[PDB]
Amino acid sequence: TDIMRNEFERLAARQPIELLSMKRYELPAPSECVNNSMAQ
Amino acid sequence: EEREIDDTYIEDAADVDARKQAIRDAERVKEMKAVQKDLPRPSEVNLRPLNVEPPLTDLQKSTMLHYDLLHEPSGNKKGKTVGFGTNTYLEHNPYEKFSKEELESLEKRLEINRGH
Amino acid sequence: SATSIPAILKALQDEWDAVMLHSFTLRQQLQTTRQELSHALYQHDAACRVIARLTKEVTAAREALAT
Amino acid sequence: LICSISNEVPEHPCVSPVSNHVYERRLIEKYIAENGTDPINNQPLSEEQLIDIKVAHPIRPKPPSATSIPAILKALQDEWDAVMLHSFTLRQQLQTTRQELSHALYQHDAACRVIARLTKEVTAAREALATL
């Protein structure tokens with residue numbers, strides 16, 4: 001008895017797959033990056 | 001017969017001299033917050049008023065040579081009072097130009113972050 | 001929206017990733033507007049020293065014209 | 001962890017249902033037998049109104065940690081609510097710098113017209129006097 005929350009939660013558990021997060025901050029690369037630098 | 005009065009007066013006179021030196025040291029330095037560049041002064045000229053402020057910056061900061069130290073308070077006060085006389089409508093023209101200015105560089109911000 | 005939930009994870013990642021740069025860009029601009037303001041203050045006070053020598057050259061001229 | 005009446009570590013905690021506060025059973029029981037009231041708010045309370053601390057029921061809990069999903073979400077509020085104040089420090093200081101820049105560039109624009117006239121007048125006085 002819940003809203004959209006229940007549909008994606010039950011689908012995530014049934015499929016056995018967690019939604020991917022931001023795999024970006026850790027790697028990066030020296031030499032768009034003016035922004036990425038100022039974020040850091 | 002003075003006693004500990006000349007010492008109090010000497011501390012008061014030494015206090016007065018420190019109040020005159022700190023205030024008259026520099027307007028920008030005393031209020032709030034550069035590398036030496038004779039090539040930047042040479043490149044900027046390649047017009048006369050820009051070269052005058054460049055030598056003024058190199059003198060106060062003291063590949064950097066110092067020399068200029070003879071260029072006093074009374075002549076600056078009369079210069080400031082004279083320029084104030086020459087300078088609603090003036091308030092709106094300054095607010096409009098400030099909004100216009102408010103409306104290469106990216107490498108400096110990234111290096112500022114690398115320091116952070 | 002109906003929007004897939006695994007995607008909503010990557011949205012919140014991107015939105016924090018964006019706000020981090022929207023906070024960064026607004027701070028380096030504040031430092032350089034203050035920095036370029038300080039370059040104007042040196043020229044402002046350097047110019048009013050150059051007017052004192054120009055007033056002397058005018059004062060020297062007014063004495064010679066009288067003679 | 002503490003009893004609000006005595007200040008000791010209560011060995012039999014019972015929470016009241018009028019002023020929500022953890023009292024020691026043996027201490028609060030005597031307070032009720034003195035007069036039927038809650039010590040803090042002075043609202044009416046009886047011994048049956050008081051309730052011992054219990055395990056919830058059948059759902060198993062775990063201790064309050066940084067992993068726990070709700071504790072992690074309240075953490076991200078602290079992050080953003082602090083960073084929002086960080087923006088004010090730079091928005092307010094920008095409104096002083098641009099206001100001082102506006103008056104500085106106006107004094108520069110009002111003064112440099114007088115440098116242009118003195119460079120004219122001192123050279124015109126040299127052009128006039130030298131010719132005579």
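Asks: Can you tell me about the overall build of chain B, naming the residues and giving the values?
Replies: Across its full length, chain B holds seven helices and zero strands. Put simply, chain B runs from its N terminus to its C terminus through helices and strands in the order α-α-α-α-α-α-α. By its C-alpha atoms, chain B is 70 × 45 × 35 Å across when sized along the principal axes.

Asks: So what about the overall build of chain D? Which residues, and what values?
Replies: A tally of helices and strands in chain D yields two helices and three strands. Secondary structure elements of chain D, listed N to C terminal, follow the sequence β-β-α-β-α. Whereas a compact globule of 132 residues would reach a radius of gyration of roughly 14 Å, chain D reaches 38 Å, over 25% beyond that. Across its three principal axes, chain D shows a C-alpha extent of roughly 120 × 40 × 20 Å. For chain D, long-range pairs separated by at least 24 residues make up 24% of all intrachain contacts whose partners lie at least 6 apart in sequence.

Asks: Give a description of the interface of chain A and chain C that names residues and reports values.
Replies: Opposite the 10 residues of chain A that make contact, chain C presents 12 residues. It is helix α2 (residues 33-39) of chain A that contributes the most residues to the side of chain A that touches chain C, three residues altogether. Taken together, the residues of the side of chain A that touches chain C sort by class into seven nonpolar, two polar and one charged.

Asks: Account for the interface of chain C and chain B, naming residues and giving values.
Replies: When the parts come together, some accessible area is lost, and that loss is often what is quoted as the size of the interface. Contact residues are listed per partner, giving four residues for chain C and four residues for chain B. Taken together, the residues of the side of chain C that touches chain B sort by class into one nonpolar, three polar and no charged.

Asks: Help me get a handle on the sheet that holds strand β3 (residues 51-52) of chain D, residues and values and all.
Replies: Residue and element names in this part refer to chain D. Strand order in the open sheet made by the three strands is β2-β1-β3, with antiparallel pairing throughout. Whereas interior strands pair on both sides, the edge strands pair on one side only; in this sheet they are β2 (22-24) and β3. Examined bridge by bridge, strand β1 (residues 13-15) and β2 share three bridges and lie antiparallel to one another. From the neighbouring strand, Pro13 faces β2, where its bridge partner is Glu24.

Asks: Which residues make up the arrangement of the chains, and what are the values?
Replies: Contacts between protein chains span five pairs of chains, and they are most numerous for chains A and C. There is no contact between chain A and chain D; across them, the least C-alpha separation is 13 Å.

Asks: Report on the packing of helix α1 (residues 5-66) of chain C against helix α2 (residues 69-131) of chain D, specifying residues and quantitative values.
Replies: The contact between α1 of chain C and α2 of chain D brings their axes to 9 Å, and the two run at 30°. Here α2 of chain D runs roughly parallel to α1 of chain C, going by the angle between their axes. In the packing of α1 of chain C onto α2 of chain D, the handedness of the crossing is left-handed. For the pair α1 of chain C and α2 of chain D, contact is made by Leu54, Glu57, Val58 and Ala61 of chain C and by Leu118, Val122 and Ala125 of chain D, respectively. The residue makeup of the contact of α1 of chain C with α2 of chain D, split by class, is six nonpolar, no polar and one charged.

Asks: Just give me the short version of unusual backbone geometry, but keep the residues and values in it.
Replies: With phi around 65°, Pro16 of chain A is a residue other than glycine that occupies positive phi space. By the secondary structure assignment, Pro16 of chain A is in the loop between α1 (4-14) and α2. Look at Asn7 of chain D: it is not a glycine, yet its phi comes out positive at around 105°.

How each quantity is defined
Residues numbered from 1 in each chain as written, not as in the entry; some residues may be left out. Chains lettered and ligands numbered in written order. Part of a larger assembly, values for the part shown. Heavy atoms only, no water. Residues with missing side-chain atoms left out of burial classes, pairs and counts. Helix = DSSP H or I, 4+ residues; strand = E, 2+ residues; numbered from the N terminus. Rg over C-alpha atoms; globule rule 2.2 N^0.38 Å. Contact = heavy atoms within 4.5 Å. Nonpolar A, V, L, I, M, F, W, Y, C, P; charged D, E, K, R; others polar. Pairing = 2+ DSSP bridges. Axes fitted to C-alpha atoms, helices over the stretch in contact; angles between N-to-C directions. Parallel < 35°, antiparallel > 145°, perpendicular 65-115°, else oblique. Left-handed = near helix turned anticlockwise from the far one by under 90°.

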